[PDB]
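Order of appearance sets the numbers: ligands from 1, and atoms from 1 within every ligand. Note: hydrogens, waters and symmetry copies are ignored here, and every other heavy atom, side chains too, is used. Convention: sequence-line order gives letters A, B, ...; per-chain numbering from 1.
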Amino acid sequence: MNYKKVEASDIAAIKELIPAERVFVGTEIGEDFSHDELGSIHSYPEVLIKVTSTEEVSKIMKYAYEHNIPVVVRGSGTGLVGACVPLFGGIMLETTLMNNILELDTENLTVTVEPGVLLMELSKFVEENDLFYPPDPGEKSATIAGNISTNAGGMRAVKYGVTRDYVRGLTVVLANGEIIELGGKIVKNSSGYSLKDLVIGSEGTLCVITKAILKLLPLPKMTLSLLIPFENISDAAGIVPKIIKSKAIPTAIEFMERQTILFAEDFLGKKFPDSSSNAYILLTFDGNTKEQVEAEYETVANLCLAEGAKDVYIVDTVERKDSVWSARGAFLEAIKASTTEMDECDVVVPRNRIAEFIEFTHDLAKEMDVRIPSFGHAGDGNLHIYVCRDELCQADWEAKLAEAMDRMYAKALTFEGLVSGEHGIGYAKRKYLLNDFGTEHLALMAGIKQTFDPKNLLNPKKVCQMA
Amino acid sequence: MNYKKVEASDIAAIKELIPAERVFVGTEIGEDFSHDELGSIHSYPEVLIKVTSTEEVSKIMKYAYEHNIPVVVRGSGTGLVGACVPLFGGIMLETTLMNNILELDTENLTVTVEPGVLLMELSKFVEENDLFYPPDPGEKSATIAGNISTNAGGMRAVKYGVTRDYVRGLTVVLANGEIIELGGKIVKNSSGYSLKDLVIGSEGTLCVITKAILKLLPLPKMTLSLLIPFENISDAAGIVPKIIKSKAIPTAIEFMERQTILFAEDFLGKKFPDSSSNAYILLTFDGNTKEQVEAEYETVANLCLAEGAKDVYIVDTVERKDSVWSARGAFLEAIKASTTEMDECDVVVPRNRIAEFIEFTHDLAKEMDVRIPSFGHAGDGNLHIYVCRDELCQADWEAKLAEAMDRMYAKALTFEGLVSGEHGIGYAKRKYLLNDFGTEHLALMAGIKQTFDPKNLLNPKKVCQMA
Amino acid sequence: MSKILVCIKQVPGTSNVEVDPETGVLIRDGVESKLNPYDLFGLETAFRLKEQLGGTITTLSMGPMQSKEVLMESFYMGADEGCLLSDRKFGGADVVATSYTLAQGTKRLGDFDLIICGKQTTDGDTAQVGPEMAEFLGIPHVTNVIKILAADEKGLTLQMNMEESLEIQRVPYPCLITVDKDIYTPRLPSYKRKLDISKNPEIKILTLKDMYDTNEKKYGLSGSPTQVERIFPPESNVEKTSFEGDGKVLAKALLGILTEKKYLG
Amino acid sequence: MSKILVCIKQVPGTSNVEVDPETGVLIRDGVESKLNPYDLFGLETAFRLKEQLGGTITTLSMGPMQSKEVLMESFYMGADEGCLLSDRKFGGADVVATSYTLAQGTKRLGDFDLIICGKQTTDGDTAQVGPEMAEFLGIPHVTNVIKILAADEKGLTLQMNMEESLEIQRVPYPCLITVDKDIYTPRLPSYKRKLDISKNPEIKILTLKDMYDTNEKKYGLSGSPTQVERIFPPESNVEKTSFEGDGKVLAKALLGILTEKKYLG
Ligand SMILES: Cc1cc2nc3c(=O)[nH]c(=O)nc-3n(C[C@H](O)[C@H](O)[C@H](O)COP(=O)(O)OP(=O)(O)OC[C@H]3O[C@@H](n4cnc5c(N)ncnc54)[C@H](O)[C@@H]3O)c2cc1C
Ligand SMILES: Cc1cc2nc3c(=O)[nH]c(=O)nc-3n(C[C@H](O)[C@H](O)[C@H](O)COP(=O)(O)OP(=O)(O)OC[C@H]3O[C@@H](n4cnc5c(N)ncnc54)[C@H](O)[C@@H]3O)c2cc1C
Ligand SMILES: Cc1cc2nc3c(=O)[nH]c(=O)nc-3n(C[C@H](O)[C@H](O)[C@H](O)COP(=O)(O)OP(=O)(O)OC[C@H]3O[C@@H](n4cnc5c(N)ncnc54)[C@H](O)[C@@H]3O)c2cc1C
Ligand SMILES: Cc1cc2nc3c(=O)[nH]c(=O)nc-3n(C[C@H](O)[C@H](O)[C@H](O)COP(=O)(O)OP(=O)(O)OC[C@H]3O[C@@H](n4cnc5c(N)ncnc54)[C@H](O)[C@@H]3O)c2cc1C
Ligand SMILES: [Fe+3]
């Protein structure tokens, strides 16, 4: 709808606002900017601009609003749902040159970052100052504003939460070029509508984040892990309400079945330390002294042995921790190395319905003759489920992928869960959001994007757009 | 605008939808429903309806939408900014008959409540089941959906947060009568725009909350408090970053000066246990064993004594806690008993700017010759500030109240804080929200209310309206 | 004035107590024991007199070796020295044997110008160890003191209350006083005073060998005239009664209830 | 087979170590000491042989009384009994005196069909206590075992690796073996075994009085031929060098660097 193609007069007017070494046109774009880690959709932008400041972003958004050109913001290109792909091919704003950490407030325990600070270099910076950024998505090369725009969460969400719980303030640029400050270094907020909480999870469809203020915690010193074998995944997922109600809250609660562990053993070349069982619970406790960590895990280990665990294995050493957590950290790459291609599902369910959904994917894998390996976080209900193509031909794979994905998203609808808990909706999961939420629920989302972006220029046909 | 006044034919059509025992017209509406605890504005609704179900609310919102009648939802009438006052006098939905706790999920650690469950009876119910609802606003007779709509926070926000951090799901009714489910019993959420986080803090201007799912924690067994005298409020506010960075996070951090304590001594008739100092820090630690709390408080008490504290007093027994916390719990009533009338302010500032703002109100009270007592929560920056009229004449009081409020809201703007951190904006603080945020910031808020409520019926001229 | 003795007791940390129907021993929820709040007013009354007269303050307790914690707790509030009366032959005592071993431990510790007992305990509630202790010492005693008007170096001017009057007395030294609830606000135990090294004064423990009357017939259960026979929960009943029919039909029912509860109204 | 001895050592919990320029002693960050990861492969090699042959497993350690923790740690992994060699006369030892007191403690504990030492420690890195210990015992030894092909009740068929070859040997009992890194994945210490008694075993401590050669000239610092003179951080330097000018102008600079680092390419 009404989108003006970028012509040579628009290249000259853009190169007056931006230095020409940060503007890329045509054959100097690169194939990496035509896609993200979804891999299904490919679409080149017409202009790639590597912005460096808030006022440079606002001058581009003023030009694209005046000349009716769509704009897609891009971080590291890491997201898995096609959210940063420019389907209409307009301006692509690229933020990895704004990788400066602007301020570390040790009085308020906040850090001010630019969009494009990587998660691996922010968490390295704050831990040198004995501080802690708790959200840990699995890919550390992600842009921080990409984590804010996708509401990226990870392993520590059972104790600490997700990126939404640690965004204190945002400086955003709207589609017409207006610069808006949203939060601040405050802690309590009850002044008006929380526009900051709309930007968290919006996936670049409302505004362009040009500054972020992140809440930090004091860094825990000690860390100890527990490995608890179980007979099946029903006994493993059922111990999680008893663990949390014993007031010894783990930092991470991970379930892994034996079939997923056999992939990581073949990929890494090393065996798992004990794989005489079918299901596992991998805990993590943190603290500041060795004695209060020891009181935490011995509470859960005396508990877990009383409800049918075969054993409790203490993982207390940096060599023992690397022998267990590099197997968990290589679950995704071991599944990729075993197949031709795959597709990812990241449904979140209620926590008491984890075991029934994992057992459902085992009955679905036997029925459709596809390999469906799965893992996830047993402390919050997010399950990472993969449908592997293996050796199916292209016609039989597209029919089997569409049937396996439809039945898993319909079963999570019956279980009163959602479509995505980590990765977002983007382009790939739009029709499952229209199946979960009604048309009246998505008309509220589309009317909010019409408020922030009435010309529909900031990322068209994403999340709610054409569900 | 052109709102339709309620006539006698609308009374008959309402009494077909609602039984007539719960409809109040004219003189059947008491004087308590014409105001809330702000006390400045007074306005009667034309119909008072005590609703009992979600489908009864949706039938009323369907009737008022097609007949252009404004609707104001009311909880306990406890809010302090005029947010539940029906300025145009249409339908008043009153939710205190929906006081049923629907479900306690001990597996997911959630509780499902109706709007109108009081805070004093939810926290009593979950603590009988060894669970914990962490947000503690100062008034316990408030409804839960009143706490959600105002984003009500309190004493435990330094460790646990506010009402926003514990709302898992909401069932809302829009202005046209559509019923929308927003969250669920899930933990992680990255599916679409967070419409649930817009309702939290919206003060009844977007939709009518008809069900809530609240996140619970395991209840801590023990509790111990500390009373730390200081020389002035600058030394008292400055210890709070050193306390939090020592990894012993208190449950509550309260500052109180001597002139506020002298009010509570005259009100309660009992002296404070030690008032040989000018400023105080009142801490609270919680835990499960006595040795865990003892390692927490001895860490901070050694830290306070090494950083210029005059003493550290241990408040460990029930009678000692009731000698100190009944003084803090009666700060608001002691200020009201000492004046003819007052008007209040709940600015939040950055935590390192607490002492500069408290010292600013002492210079402002000395210059304007008004009494400005103040206290607040030293762990998050929220300052409860009261301007007393004492014996001023009516023309001199409105001139001194306007000057003292304008200079305090402008100084919190210079300190990069906000207008309200607890109580909300409502009707009273609309002008200061237009001074803090720009016109482009409030046009985004007004365009969001136009999405949820296009005919402008749900609580008009409040928060982001006529600012 | 000068030497001041304060008798403090360790009590159960909460009084929410019920009995098993056939154990005969109380169902105390835990053992988080504390100093009783009525003796905090007795400690605070000694602290105001020490700030005016400049003497010393001794704390005295009778119980097991677990009762050394409330002697250390009184040290953190500002007591100068303490004394435990721990012995196996002292247990099982009633008021008559408790006030005898507290008066025997007082004579062993020397002379005191003033002994300050609290109003009552929270487990016994008998409120009569104080008047019985001053009988064995032979000193005058005044109970239920709400106010100290004068604090002369020879004696005190006190305000002893009744249910409806205020007696003002001038009692000389040596004497016992029994303060009641809310005479002052008691100060909190300081962590700075507990960070010295442990406690400046050492809890001097006394047994039956140290007393001037070393004969076990007057102490413990042997010197107790009373004994508990059985302990049982109190029978209470809630009856909801309604009264309609206006006029003096309700006024006779309200006067019939107010006279049955002896209000005579 | 049947009787199996495993020599384990307590090491610093991390090797991130720097020296103070004029203390002469190691700037160790803390003391969260652990069992060394190279001896976890030696313990795991004994566990696979016990599951095939059914004998017993003894753990042996030499150090202070703090080294009793890694003997209890090997018990949680599945060792049957342990033995500490704690004595003041054993400290300050080099490899020659450590392998002598470990061989003297082996003869005191009886005969073993197989002694399993690890590849090296993480503090000494000398990797030579094992071959020196089997010299004092007089038994054959095979170092750097990556694979056990056969586990007969009289001897083992081993795969000893070199830098470029794989020697396959048939060594009989009694003998010492030295396994290297990643022969198996070591099992984790079980918490269920920790709750047995504290553990069933009860570490048997030996001093110089218990050895069959009770003469302190051969133990400790007196029997050490070597000694440290000074310890210092290694001098490393990062030099960024650039090379432009294409053709074989860069290829002579790349061959000049690969031959200076002895790659010969
Ligand atoms: C191996 C792997 C593991 C992963 N593990 C996890 C995981 O555990 N948890 C998890 O949550 N996610 C995970 N992810 C995906 C996760 O979403 C991305 O890692 C990250 O959130 C996206 O950041 P980016 O910088 O990569 O963003 P991009 O993909 O470039 O951007 C993602 C979205 O953010 C928008 N965006 C980016 N920058 C801005 C900005 N400044 N303003 C507005 N919008 C902006 C883009 O337009 C797009 O909408 C994983 C991905 C991979 C490949
Ligand atoms: C003495 C005192 C102490 C207080 N202390 C604190 C404090 O410490 N922290 C704090 O945050 N607040 C405090 N408050 C005020 C606090 O806002 C209110 O106590 C409470 O949040 C309002 O709840 P209510 O049930 O009283 O709501 P009402 O005033 O009736 O409603 C408040 C707002 O919520 C809306 N609303 C109510 N129910 C619904 C519903 N179902 N759907 C949609 N909108 C709804 C109303 O329309 C109005 O917008 C205090 C108030 C008093 C009087
Ligand atoms: C259920 C129950 C009922 C009892 N009924 C009786 C009864 O009817 N008659 C009777 O003679 N005994 C009775 N006793 C025994 C007696 O009351 C207590 O067992 C014990 O002697 C504690 O004394 P008290 O609580 O009466 O002290 P109180 O007279 O209640 O206390 C007065 C003050 O004396 C001081 N004091 C009291 N006890 C001590 C102590 N041990 N060490 C130091 N200072 C102390 C304190 O300053 C205290 O404030 C009863 C005991 C129990 C458990
Ligand atoms: C910095 C430094 C440099 C040294 N350099 C030398 C040197 O050049 N020459 C020399 O002779 N000594 C040297 N020593 C002394 C010696 O290496 C150690 O002090 C000590 O004897 C530990 O032996 P190791 O680390 O060499 O054992 P290694 O030979 O590295 O370990 C081989 C195996 O022997 C067993 N083992 C080793 N030590 C013990 C023990 N104490 N108890 C039980 N089992 C054990 C384990 O199974 C281990 O895996 C040095 C020490 C230090 C600190
Ligand atoms: Fe995940």
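- Not a single N or O atom of C/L102, backbone or side chain, sits closer than 3.5 Å to an N or O atom of ligand 3.
- Looking at ligand 1, you'll find an N or O of A/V73 within less than 3.5 Å of one of its N or O atoms.
- For atom 2 (C) of ligand 3, no protein non-hydrogen atom is found at a distance below 4.0 Å.
- Under a 4.0 Å heavy-atom criterion, C/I8 is in contact with ligand 3.
- The distance from ligand 3 to the heavy atoms of C/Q120 drops below 4.0 Å at these ligand atoms: 30 (O), 31 (O), 32 (C), 49 (O).
- Considering both main-chain and side-chain atoms, A/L332 never comes within under 3.5 Å of ligand 1 through any nitrogen or oxygen pair.
- In terms of polar-atom proximity, defined here as any N/O pair under 3.5 Å, A/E203 does make such a contact with ligand 1.
- In terms of polar-atom proximity, A/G79 is counted as a contact of ligand 1, with an N or O under 3.5 Å from an N or O of the ligand.
- Residue B/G204 has at least one heavy-atom neighbour below 4.0 Å for each of these atoms of ligand 2: 43 (C), 44 (N), 49 (O).
- Note that atom 50 (C) of ligand 3 has no protein non-hydrogen atoms nearby, at separations under 4.0 angstrom.
- Residue contacts with ligand 3 do not include C/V96, since none of its heavy atoms lies under 4.0 Å from the ligand.
- Compare A/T78, A/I144, A/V85 by their heavy atoms: the one nearest to atom 53 (C) of ligand 1 is in A/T78.
- Closest heavy-atom approach to atom 10 (C) of ligand 1 within the set A/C84, A/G154, A/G153: this belongs to A/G153.
- Looking only at protein heavy atoms, the nearest one to atom 45 (C) of ligand 2 is B/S149 OG, 3.3 Å.
- Polar contact check, A/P115 against ligand 1: no nitrogen or oxygen pair lies under 3.5 Å apart.
- Taking a distance limit of 4.0 Å, we find that atom 8 (O) of ligand 3 is approached by no protein heavy atom.
- The shortest contact between atom 36 (N) of ligand 3 and any protein heavy atom is with C/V129 CG1, 3.8 Å.
- The heavy atom nearest to atom 38 (N) of ligand 1, out of those in A/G426, A/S202, A/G146, is found in A/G146.
- No N or O atom of A/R74 sits closer than 3.5 Å to an N or O atom of ligand 1.
- Every atom of ligand 3 with a heavy atom of C/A127 under 4.0 Å away is listed here by number and element: 28 (P), 29 (O), 30 (O).
- The shortest N or O to N or O distance between A/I209 and ligand 1 is under 3.5 Å.
- Not one N or O of C/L60 is nearer than 3.5 Å to an N or O of ligand 3, by distance alone.
- The shortest N or O to N or O distance between A/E37 and ligand 1 is not under 3.5 Å.
- Across C/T226, C/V95, C/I116, heavy-atom proximity to atom 16 (C) of ligand 3 is greatest for C/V95.
- For the pair A/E422 and ligand 1, the shortest N or O to N or O distance falls below 3.5 Å.
- The nearest non-hydrogen atom to atom 47 (O) of ligand 3, considering only C/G42, C/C117, C/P131, C/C7, comes from C/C7.
- The shortest N/O to N/O separation between A/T150 and ligand 1 falls below 3.5 Å.
- The heavy atom nearest to atom 46 (C) of ligand 3, considering only C/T121, C/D123, C/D39, C/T143, is found in C/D39.
- Taking all heavy atoms of C/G91, C/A93, C/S67 into account, the minimum distance to atom 20 (C) of ligand 3 is reached by C/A93.
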